[PDB]
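What follows is one structure encoded as structure tokens, with my remarks underneath.
Chains as they are written, first to last, in the authors' numbering: chain B, 423 to 562; chain H, 423 to 562; chain E, 423 to 562; chain C, 367 to 522; chain U, 367 to 418; chain W, 419 to 470; chain D, 23 to 199; chain F, 39 to 315; chain S, 315 to 366.
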């Protein structure tokens with residue numbers, strides 16, 4: 423993600439993805455800076471460990487399986503559930519199932535208005551904050 | 423000793439030298455790999471350190487002055503005297519005189535039947551087990 | 423100064439400079455030995471600490487502006503003024519202004535004897551040591 | 367790089383060879399001293415990376431004895447040349463072969479762990495390292511009184 | 367590098383690939399074991415610049 | 419690695435002067451006023467030497 | 023009786039004639055303290071220097087005019103030019119007055135020295151002040167301290183220390199203002 | 039040859055990250071261990087104004103203590119007080135006394151038995167793993183008074199600043215075995231104090247010397263721990279600097295070999311084409 | 315050098331006017347001693363580094 427460039431993607435992506443992907447790529451810009459530093463997890467500052475844990479959340483969030491491409495609204499709400507709150511308690515081993523859980527258990531009428539409007543309106547933002555807390559996450 | 427290969431294997435080896443050679447290879451393989459940490463001689467670990475000084479005995483064993491090839495019986499006796507631990511008392515820096523003391527102080531009738539028998543027979547591995555103790559080794 | 427060599431000009435330098443810059447390149451050598459090991463801030467031996475701010479004075483004495491060459495007599499007095507300790511305890515950000523003070527205040531008949539003899543004669547260094555004590559160095 | 371260290375003649379001792387370096391040609395103690403000097407220098411060359419990136423302060427004691435003896439025999443292999451005395455200022459030092467064997471055996475066994483490193487730099491043999499040691503340890507005590515002027519107003 | 371550790375066959379686990387490594391083909395409970403083995407060995411390869 | 423109040427007060431002044439130098443090197447551009455609104459400013463040389 | 027003048031002045035001598043010269047003479051803890059015990063002054067009238075110490079904290083370096091210390095022979099009070107006293111303290115409350123206001127710490131036990139220059143040094147281990155103690159778990163502990171009498175003298179001494187600490191912590195928690 | 043340089047570059051570029059990381063880690067440990075050290079500095083003062091400071095005593099039995107580090111990436115700190123403890127053992131030993139040598143830290147047992155093997159009798163280690171407390175220092179003190187000496191010498195590096203660590207020697211005397219004898223100044227210097235103990239002066243001096251040994255051992259191994267962190271923060275910043283310089287020279291040489299490689303294969307292709315055409 | 319020089323030597327100040335050329339400089343393989351920047355930099359009188 424540090425070496426792959428796209429010199430078009432400034433105002434050539436999904437607007438609901440653009441609301442979130444700036445934060446996602448700036449959180450990963452700190453994780454790639456501190457990652458190879460703090461390979462050990464013993465004696466850590468409370469600011470560096472937080473961006474380490476966030477980068478480890480986003481890293482397991484972005485990986486997906488083969489021959490199953492995701493619609494754009496579903497990955498929009500998955501990166502919204504990752505770069506906001508709603509996932510800061512699942513470890514790393516369960517985010518592969520936790521994004522599937524937040525995809526499946528969320529009332530899927532948010533996807534239709536997300537896809538038709540194109541962006542995250544504040545009404546849909548508030549229903550998306552509300553819809554993401556009632557998801558039974560498989561972190562156990 | 424790492425990069426040196428022989429793709430005939432031990433199929434074309436003198437017997438008896440084969441009985442000591444797998445051991446010599448194995449301890450040299452341990453001595454090579456627990457090295458690149460031997461610069462820190464401070465922390466005595468007593469499991470790696472025995473391996474390090476044993477491999478030092480074996481590495482000092484295989485040094486050899488030129489234009490004087492050794493007969494194969496004296497070679498396998500000199501390696502048997504290091505892989506059975508007879509030389510653990512002598513220091514690292516003084517085995518090339520200790521091996522010469524071993525070779526010139528055992529009876530010359532050990533080799534006359536080690537060459538003829540082809541391998542270290544059970545009627546011989548306890549003869550020289552006692553012959554290797556009745557000689558004096560230059561080192562305390 | 424360590425790499426810059428000239429094995430052909432040695433028998434081709436100004437004999438007044440040959441006897442005062444034989445001291446200059448050796449004291450710059452020790453300054454090259456101290457600052458290449460004591461950059462850690464380990465300890466000040468208080469004699470190697472002397473030659474660190476002596477060699478810093480010889481470096482700042484050897485700076486020069488552009489398109490302003492100096493005659494060889496006004497060079498070897500500024501090297502005489504620095505290696506003989508007359509420029510000592512002048513602060514190192516004054517020596518550009520201080521070696522301009524040396525050449526300006528020393529009697530111009532000094533440079534006329536030194537150019538013509540080509541050599542700091544015994545009658546002159548006793549005189550030139552005097553004229554350097556009567557020098558209004560900046561900063562005192 | 368050996369020339370950039372100031373060691374002249376800049377002979378790499380771990381890359382120069384001879385067919386006379388044979389115990390049946392030059393003798394036993396000469397060949398043994400030469401192989402011991404090359405063992406110390408190789409053991410120091412194998413310690414260059416960790417000395418560079420971790421510091422001198424983290425080796426073992428036998429390692430940092432090896433480093434000190436190797437820094438002694440690196441300086442001791444240098445020598446002032448009689449054809450270089452016109453652009454150096456040092457007199458040239460023809461060293462006899464027995465003097466070289468005796469001095470390097472002295473540094474190898476440990477008779478000279480007490481001298482500084484720069485006592486060995488650009489000297490003839492093992493007497494001149496001790497002469498230069500007292501020449502450079504009288505120099506740190508070389509502080510005389512009153513500046514010895516006799517120049518203030520010399521009469522005519 | 368697998369061979370001078372004495373490991374035979376000296377097959378690099380993090381360089382040997384197959385088209386039979388789909389979960390559709392060899393099943394999921396084999397593919398998960400293989401992917402976990404590769405994950406563990408790659409993280410050990412990352413930790414070897416500290417633990418050496 | 420240590421903190422903002424670790425260093426001296428002259429270091430505080432070096433931080434303050436450099437942070438207002440880093441902002442004073444910024445400039446609104448006359449060609450970019452069509453999509454940033456604020457008019458651009460052609461600064462002469464005699465003004466920026468005096469300002470800095 | 024005074025036949026061995028030891029000290030950092032004189033350790034320098036025997037060290038400099040017997041240690042290698044690359045090491046300077048090592049420092050000593052007396053080089054880091056400014057205030058001695060027999061020296062002149064540091065009383066000036068009414069308020070004397072009190073130094074309250076624990077291993078993990080410094081609780082008072084300020085000048086106080088009277089200190090109430092809980093010695094093993096009872097709570098005594100230290101006025102300005104008090105007699106020099108090395109006093110072993112039992113579990114009790116230390117009151118450092120300055121006027122109307124005072125700081126009351128309950129301590130765990132540990133000595134308190136008064137020096138011939140008026141410098142007072144309270145040196146306890148755990149100084150748990152009275153507004154951070156609970157009044158409920160003290161009885162839960164001294165109940166077992168009253169009940170348990172073992173066969174060994176070691177836990178006997180531990181239980182006696184337990185009851186003399188907990189009983190003193192009783193008397194200084196109900197009768198507080 | 040031209041690939042092994044590309045792996046050496048990645049190795050040195052990773053070492054320049056690991057050492058920068060642990061430089062920041064040692065800085066974070068140093069900034070919060072300095073807090074405990076300058077609070078622990080208080081309690082050592084009443085004992086050194088009450089009992090004085092007598093290093094050069096005529097003890098017939100001594101226990102020296104060299105307070106070293108556990109992790110061994112400190113940079114000449116542990117061998118500094120090894121030089122100091124072989125200098126102070128060559129200062130008191132001139133009269134035929136018994137000396138016990140103990141050490142706190144694994145870098146003490148690995149560097150004290152090299153200079154002296156027979157008097158070394160005890161190795162305390164794994165001290166700084168969780169934290170350093172006073173119950174731990176007092177347990178170490180009780181295991182020191184398992185022997186019955188007339189003096190105790192503590193060797194430690196005192197955290198003067200983040201740059202200077204002055205090696206301090208600290209002395210404690212056994213109570214009436216040597217402490218009452220060293221105070222006799224035409225009478226005594228301790229008779230001015232009125233003992234308010236439950237028992238006599240020898241028992242309160244025994245308890246006072248145990249408490250003094252405990253607080254100087256606690257302060258000694260706090261000062262040495264945070265000076266260890268400061269020398270690690272300064273010793274991994276001369277390490278990442280040298281690993282950046284080595285990486286820069288490796289990148290320059292790799293670029294030279296890269297350009298020479300492209301020219302070499304290009305010249306061979308041109309020669310093979312001109313040998314036909 | 316001759317092709318780059320024949321381009322860049324026509325960008326001068328004459329007596330009648332001047333051409334001032336701002337040239338975007340790409341550095342191949344992040345190597346400043348590669349012959350295309352090492353020949354291009356011999357002509358440049360100023361560098362204007364735009365950093366992220």
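Every residue, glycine too, gets a C-beta built ideally from N, C-alpha and C.
Check the Cβ of residue i against every Cβ in chain F and list those closer than 8 Å, keeping chain order.
i: residue 420/W; result: 65 and 69
i: residue 106/D; result: 230, 231 and 232
Do we get a CB-CB distance below 7 Å when we pair residue i with the residues of chain F?
i: residue 317/S; result: no
i: residue 462/E; result: yes
i: residue 467/H; result: no
i: residue 51/D; result: yes
Using the beta-carbon of each residue, which ones in chain C are nearer than 9 Å to residue i?
i: residue 111/F; result: 420 and 424
i: residue 114/F; result: 421, 422, 423 and 424
Drop a sphere of 10 angstroms on the beta-carbon of residue i, count the other beta-carbons inside from all chains shown, and report buried for 16 or more, exposed for fewer.
i: residue 362/S; result: exposed
i: residue 545/B; result: exposed
i: residue 477/C; result: exposed
i: residue 463/W; result: exposed
i: residue 431/E; result: exposed
i: residue 374/U; result: exposed
i: residue 553/B; result: buried
i: residue 475/C; result: exposed
i: residue 254/F; result: buried
Could you work out which residues of chain S lie near residue i, taking near to mean beta carbons separated by less than 8 Å?
i: residue 296/F; result: 343 and 345
i: residue 40/F; result: Ordered by position in chain S, no residue passes the 8 Å Cβ test against residue 40/F, which lies about 13 Å from the chain.
Step through the CB atoms of chain C and report whether any lies within less than 7 Å of the CB of residue i.
i: residue 520/E; result: no
What in chain E is Cβ-close to residue i, meaning under 8 Å?
i: residue 517/C; result: 548 and 551
Closer than 8 Å by beta-carbon distance: list the chain B residues that pair up with residue i, in chain order.
i: residue 413/U; result: 461
i: residue 52/F; result: 458
Using the DSSP secondary-structure output, state which residues sit across from residue i in a beta bridge.
i: residue 85/D; result: 71/D
i: residue 145/D; result: 75/D
i: residue 142/F; result: 105/F and 162/F
i: residue 119/D; result: 88/D and 124/D
i: residue 190/F; result: 101/F and 210/F
Flag residue i as yes if its beta-carbon sits less than 7 Å from any beta-carbon of chain E, otherwise no.
i: residue 447/C; result: no
For a contact defined as C-beta to C-beta under 8 Å, what are the partners of residue i on chain I?
i: residue 259/F; result: Absent here is chain I; the protein component of the structure consists of chains B, H, E, C, U, W, D, F and S.
Taking residue i as the query, report the chain H residues whose CB atoms sit under 8 Å from its CB, ordered along the chain.
i: residue 148/F; result: 464, 465 and 466
Along chain U, in chain order, which residues have C-beta atoms closer than 9 Å to that of residue i?
i: residue 477/H; result: Neighbours of residue 477/H on chain U: none; closest Cβ ~15 Å, over 9 Å.
Establish whether the CB of residue i and some CB of chain H are separated by less than 7 Å.
i: residue 429/C; result: yes
i: residue 372/U; result: yes
Is residue i close to chain B, meaning its C-beta is less than 7 Å from at least one C-beta of that chain?
i: residue 59/F; result: yes
i: residue 416/U; result: yes
Please report whether the beta-carbon of residue i lies at a distance below 7 Å from any beta-carbon of chain D.
i: residue 213/F; result: no
Worksheet item: Are the region 89-105 of chain D and the region 162-175 of chain D touching, with three or more C-beta to C-beta distances below 8 Å?
Response: no
Practice prompt. Count the C-beta pairs between the region 120-129 of chain F and the region 289-298 of chain F that are closer than 8 Å, then say yes if the count reaches three, no if not.
Written response: no
Item to complete: Specify whether the region 261-277 of chain F and the region 209-223 of chain F touch according to this definition: at least 3 beta carbon pairs, one from each stretch, less than 8 Å apart.
Response: no
Worksheet item: Are the region 134-141 of chain D and the region 61-81 of chain F in contact at 8 Å, needing three or more beta carbon pairs?
Response: For the pair of segments examined, the region 134-141 of chain D was found not to touch the region 61-81 of chain F: the number of CB pairs separated by less than 8 Å stays below three.
Worksheet item: How do the region 466-484 of chain H and the region 443-451 of chain H stand: do at least 3 beta-carbon pairs fall below 8 Å, yes or no?
Response: Touching, yes.
Discussion item. Within 8 Å, do at least three Cβ pairs link the region 535-551 of chain B to the region 493-506 of chain B?
Written reply: yes
Worksheet item: Between the region 102-115 of chain D and the region 233-246 of chain F, are three or more C-beta pairs nearer than 8 Å?
Response: Taking one beta carbon from each stretch, the region 102-115 of chain D and the region 233-246 of chain F have 3 or more pairs nearer than 8 Å; the two touch.
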